[PDB]
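Each remark here refers to the structure printed beneath this line.
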Ligand SMILES: Nc1ncnc2c1ncn2[C@@H]1O[C@H](COP(=O)(O)OP(=O)(O)OP(=O)(O)O)[C@@H](O)[C@H]1O
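Residue numbers (UniProt numbering), protein chains in the order written: chain H, 242 to 337; chain L, 15 to 389; chain F, 98 to 145; chain Z, 44 to 99, 120 to 366; chain E, 93 to 365.
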């Protein structure tokens with residue numbers, strides 16, 4: 242989870258595209274996003290936008306996960322101690 | 015014989031035209047070689063004048079070098095804040111050239127349009143009366159106000175129902191004074207600094223001073239990214255501070271060219287009582303809900319760019335839906351056009367307008383995203 | 098290392114973004130096969 | 044007669060001298076051409092777009128190195144031929160345009176187009192029929208004859224926003240529309256546009272809009288429009304300035320541009336609250352397609 | 093129904109005009125007053141109260157230019173800032189208010205509504221020259237109220253129409269009135285640039301007076317006033333032109349004041365050189 246957060250703006254979002262690309266190249270793979278809360282699993286997206294870089298990383302995961310062709314052969318396992326904190330779009334099924 | 019010789023001379027003339035084209039190619043080659051010698055100049059902005067001989071400047075990329083002027087560089091026109099050309103090796107001022115894309119500044123400049131029609135939604139009972147009268151007297155004669163000694167009223171507030179006088183008639187005032195207007199939405203004015211918003215407004219006021227006819231319009235002053243921030247722990251009333259700063263800018267420090275900074279906006283939820291005091295807000299004009307007979311007139315103005323069957327009773331369509339919004343009446347006309355599009359009719363029958371009015375009546379019943387109330 | 102974005106007819110004049118430097122119109126090196134160089138392929142360009 | 048023939052012979056001698064002059068003009072041009080070829084090939088060519096065009120005949124170029132240079136001479140290529148905001152080939156050290164270069168677009172923009180095309184039906188969406196019809200008027204009617212709009216004088220709006228709770232199918236209408244009607248559908252997301260380098264995202268939005276201009280039947284779909292269109296940050300000094308620049312680029316194309324209805328854009332957001340008032344503006348994204356949570360009748364059909 | 097009343101009122105104004113010629117002042121004014129009360133709410137769409145302004149103009153003639161009647165025209169015309177939908181005649185009506193203020197002879201009184209005149213602009217350059225014909229009246233009003241330099245500023249504007257007319261005396265007078273300003277106007281950077289611009293006109297060259305006026309324009313060393321009186325005896329009564337002579341020594345109020353000014357301006361010329 243820490244690796245996905247990065248110093249440069251949206252550098253982590255680029256990594257998430259790579260994560261799916263690596264997943265697509267292998268045939269049938271399971272991705273375990275343990276501690277989903279670390280991967281910006283919330284979308285307050287307030288005017289301060291302190292989490293703006295992470296929020297972009299979270300949205301990039303959501304779109305790659307589902308929409309305009311989804312995982313295709315990827316099964317996603319996500320584990321959270323606090324389910325309530327998770328952002329609604331990720332909680333929505335199809336993604337999980 | 016002689017005619018054949020003339021034909022041979024004509025062929026020679028054609029060869030001469032080809033020689034002229036070859037000479038043009040030689041001229042182009044000479045120009046290209048002359049061009050190659052020039053080595054370009056770093057583009058930079060003069061931070062300040064250290065001395066007449068040397069001006070401190072910063073290159074656009076970021077390294078800053080103190081530099082000296084070249085020949086007749088017109089140091090008077092080299093005043094700080096002017097883009098300059100810097101020699102690639104010498105790093106000295108070469109020429110004064112001002113070119114800035116200024117995309118955010120363009121939003122703060124003359125981006126706002128002016129509506130040419132005198133009565134787009136009609137409803138001009140005080141719009142071309144009270145609103146015109148207060149602005150016109152200073153605009154025609156600031157000196158007459160000076161003889162009275164009263165400061166010309168800086169601005170007036172068009173508190174009114176949303177859309178009917180807010181979506182429309184916002185730029186109609188520009189036609190009434192026959193000049194382009196500046197829209198103070200404030201979205202461009204508040205960018206990355208809460209404090210800079212007042213300073214950017216001062217820059218807009220200076221732009222307004224440039225045209226004496228142009229009148230500042232504070233349309234949608236509350237409107238901002240997200241929602242306007244009232245006093246709060248995360249964000250305080252920066253806009254309210256800007257309003258107090260605006261009052262200082264309006265009178266004294268920034269009043270010239272008989273330009274009226276009218277706060278003609280019903281968008282702000284709260285109106286400052288001190289602003290209401292004669293001077294900052296000498297008079298307030300209230301836009302009113304349409305009289306239905308007025309709505310019929312509005313529908314006719316909206317129907318003006320419309321192709322219709324001609325068997326149309328506009329009063330019946332107006333009676334069928336009391337939209338009470340100029341935009342809603344414009345919507346009736348557009349929806350009637352959509353009904354006309356169905357069945358491929360270029361003309362719009364009265365029934366199509368009435369069907370649109372029924373859809374508009376449903377839209378009148380259900381409304382969303384409106385959180386702006388004057389006072 | 099640099100990344101190719103396009104190719105052109107006749108002299109290829111492949112234009113490459115280094116990674117932060119610039120779009121460089123670099124011709125293929127003499128000891129290379131033109132077919133082997135491909136559009137949208139990472140490539141190594143000698144600076145000199 | 045004979046004198047006219049003698050005059051033609053003298054002109055023919057001048058023409059022989061002119062052939063030598065043409066060879067000399069070619070030789071001078073060849074030397075400039077050889078330098079031009081070497082400079083484009085050289086590493087410091089730094090081909091990049093001209094920020095603006097100036098006259099004393121002058122150009123200002125921002126190289127990919129992000130350094131801006133003003134050239135007193137516009138360059139070897141014709142000043143009229145050069146277009147502001149168009150790729151131009153800067154000199155290795157002179158920083159003077161030598162060649163315009165072939166037009167090229169970001170690889171990401173090319174990837175966005177759905178060459179394969181989607182496989183969905185308008186019928187498959189259930190309980191959102193009224194919204195499906197509204198989308199058809201916004202996109203299909205401009206795609207079809209605009210003559211009916213022209214005769215009336217009404218203009219079809221360009222730019223559609225679909226706002227709904229996450230479960231409601233904003234993407235489902237978009238995927239079905241692309242499958243039912245083939246008009247160069249383009250995928251897009253607020254994160255995809257965001258890029259590390261400042262203004263790189265703005266180029267991506269501009270190139271995508273240019274691709275839409277290139278194809279007469281073109282639809283661009285941007286899911287999660289909120290990510291690019293976040294409320295403009297008021298963070299002072301250091302901030303995500305690049306993302307705001309990308310949002311401004313989309314606004315620049317939408318405002319006072321694309322009057323032709325050939326290109327239309329559909330955008331979707333889980334939350335419309337984050338979106339700036341500017342993106343909707345007055346006509347920039349006038350179309351709104353709210354997706355209600357499924358009604359009891361709709362739920363039975365959806366299941 | 094109000095529109096029907098307006099149609100009846102439009103008929104009333106035509107009837108009132110016929111009544112004005114048909115009957116003496118006491119009946120016609122009463123009839124005009126009766127319609128006026130009914131249309132107090134009604135706007136002056138055409139001559140609805142413009143006829144009332146004509147009626148007060150008539151009352152001024154009946155009352156032998158009574159100031160109160162002039163004041164009555166002044167207040168109603170002042171009220172009609174935007175009352176008349178038509179623009180050209182409405183501006184002309186504002187001029188009619190101004191002429192009555194000049195008739196008061198306060199001089200300031202004309203200036204008081206001259207501020208309202210200040211609002212009026214661009215009569216010249218209007219299509220059909222109809223506004224230009226009206227423009228001639230507005231500049232004509234300026235005289236004592238305009239400053240000696242200012243009278244020239246208006247006289248040059250008046251000069252264009254007579255120059256088009258090419259009248260032997262009126263076109264010559266139109267250029268002459270602007271030229272005579274120098275003698276009554278104090279030396280200034282503006283005065284010097286203006287005198288050079290007026291000087292050298294071919295039409296001005298024909299006039300003998302222009303040759304006399306050139307003495308001030310050039311340094312000309314010193315011009316004695318006594319010599320000038322012999323030179324300008326023609327100005328007092330040319331007998332051929334003398335059309336703009338009113339601008340200089342016309343009589344006493346606008347003439348003797350000009351006579352003192354000429355002595356002062358040449359005395360100022362003597363000290364400057
Ligand atoms: N009326 C419907 N008929 C069929 N499927 C539907 C319907 N409404 C929603 N869906 C389902 O919703 C999903 C479509 O993705 P959806 O548009 O909900 O994603 P999203 O990006 O979260 O949307 P939004 O941007 O509107 O929040 C699919 O699982 C689809 O089957």
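The beta-carbon is built from N, C-alpha and C at its ideal position, and this holds for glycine as well.
- Query: Does DSSP classify residue 316 of chain L as helix, strand or coil?
  - Reply: helix
- Could you run through the segment 264–288 of chain H and flag, in chain order, every residue whose CB is less than 7 Å away from some CB of chain L? 288
- Item | Element boundaries [beta strand (DSSP E), containing residue 97 of chain L] | 97–101
- Task: Return the chain-ordered list of same chain residues with a C-beta closer than 6 Å to the C-beta of residue 316 of chain Z, the five sequence neighbours on each side being excluded.
- Result: 272
- Item | With 16 other Cβ atoms within 10 Å as the buried cut-off, status of residue 269 of chain H | exposed
- Using a C-beta to C-beta distance shorter than 8 Å, which residues of chain A count as neighbours of residue 144 of chain F? Absence of chain A from the displayed structure is noted, the protein chains being H, L, F, Z and E.
- Between which two residues does the beta strand (DSSP E) carrying residue 133 of chain Z extend? 131–134
- For the beta strand (DSSP E) that residue 58 of chain L lies in, which residues bound it at each end? 55–62
- Item | Cβ-Cβ distance between residue 148 of chain L and residue 297 of chain L below 7 Å | yes
- When you compare only the Cα positions, how much space is there between residue 142 of chain E and residue 105 of chain E? 10 Å
- How would you label residue 262 of chain L, buried or exposed, when you count the other beta carbons within 10 angstroms and need 16 or more for buried? exposed
- Message: Measuring only the C-alpha atoms, how far is residue 271 of chain L from residue 193 of chain L?
- Response: 14 Å
- Message: Among L/326, L/344 and L/369, whose alpha-carbon lies nearest the alpha-carbon of residue 356 of chain L?
- Response: L/369
- Anyone know if the C-beta pair for residue 39 of chain L and residue 68 of chain Z falls short of 7 Å? yes
- Query: What residues from the segment 220–243 of chain L come within 7 Å of chain Z, judged by C-beta to C-beta, listed N to C?
  - Reply: 237, 239 and 240
- Message: Just checking: is the beta-carbon of residue 311 of chain H within a distance shorter than 7 Å of some beta-carbon in chain Z?
- Response: no
- Item | From H/242, H/289, H/308 and H/301, residue whose alpha carbon lies closest to that of residue 247 of chain L | H/289
- Message: Under 7 Å, CB to CB, which of the residues in the segment 105–139 of chain F have a partner in chain Z?
- Response: 105, 110, 112, 114, 118, 119, 120, 121, 122, 123, 124 and 137
- Message: Can you pull out the residues from the segment 292–318 of chain L whose beta carbon lies closer than 9 Å to at least one beta carbon of chain E?
- Response: none
- Beta carbon of residue 324 of chain H: closer than 6 Å to some heavy atom of ligand 1? no
- Three or more beta-carbon pairs under 8 Å between the segment 324–331 of chain H and the segment 25–39 of chain L, yes or no? no
- Task: For residue 214 of chain Z, return the contacting residues in chain L, with the cut-off set at a CB-CB distance below 7 Å.
- Result: 321 and 360
- Message: For the segment 295–307 of chain H, list every residue whose C-beta sits within 8 Å of some C-beta in chain Z, in sequence order.
- Response: 296, 297, 298, 300, 301, 303 and 304
- Item | Residue interval of the alpha helix (DSSP H) (run including residue 19 of chain L) | 16–51
- Message: Can you pull out the residues from the segment 132–163 of chain L whose beta carbon lies closer than 7 Å to at least one beta carbon of chain E?
- Response: 154, 155 and 158
- Item | Sequence-distant residues of the same chain with beta carbon closer than 6 Å to residue 309 of chain E, five excluded per side | 287 and 291
- Enumerated in chain order, which unbroken segments of the beta strand (DSSP E) with a length of 3 residues or greater are wholly contained in the segment 151–220 of chain E? none
- Item | Residue from L/104, L/171, L/132 and L/209 with nearest C-alpha to residue 250 of chain L | L/209
- Item | Helix, strand or coil at residue 274 of chain H [DSSP, three-state] | strand
- Query: Under the criterion of a Cβ to heavy atom distance below 6 Å, does residue 209 of chain L qualify as lining ligand 3?
  - Reply: No copy of ligand 3 appears in this structure; the ligands present are ligand 1.
- If you follow the alpha helix (DSSP H) that residue 246 of chain E is part of, which residue opens it and which one closes it? 240–257
- Task: On a CA-only basis, which of Z/264, Z/56 and Z/159 is nearest residue 120 of chain Z? Give me that one, please.
- Result: Z/159
- 7 Å Cβ cutoff met for residue 306 of chain E and residue 267 of chain E: no
- Item | Selection from Z/191, Z/282 and Z/300 that minimises the alpha carbon distance to residue 356 of chain Z | Z/191
- Query: How would you call residue 345 of chain L, buried or exposed, if buried means at least 16 neighbouring beta carbons within 10 angstroms?
  - Reply: buried
- Message: Between E/315, E/97 and E/132, which has its C-alpha nearest residue 355 of chain E's C-alpha?
- Response: E/315
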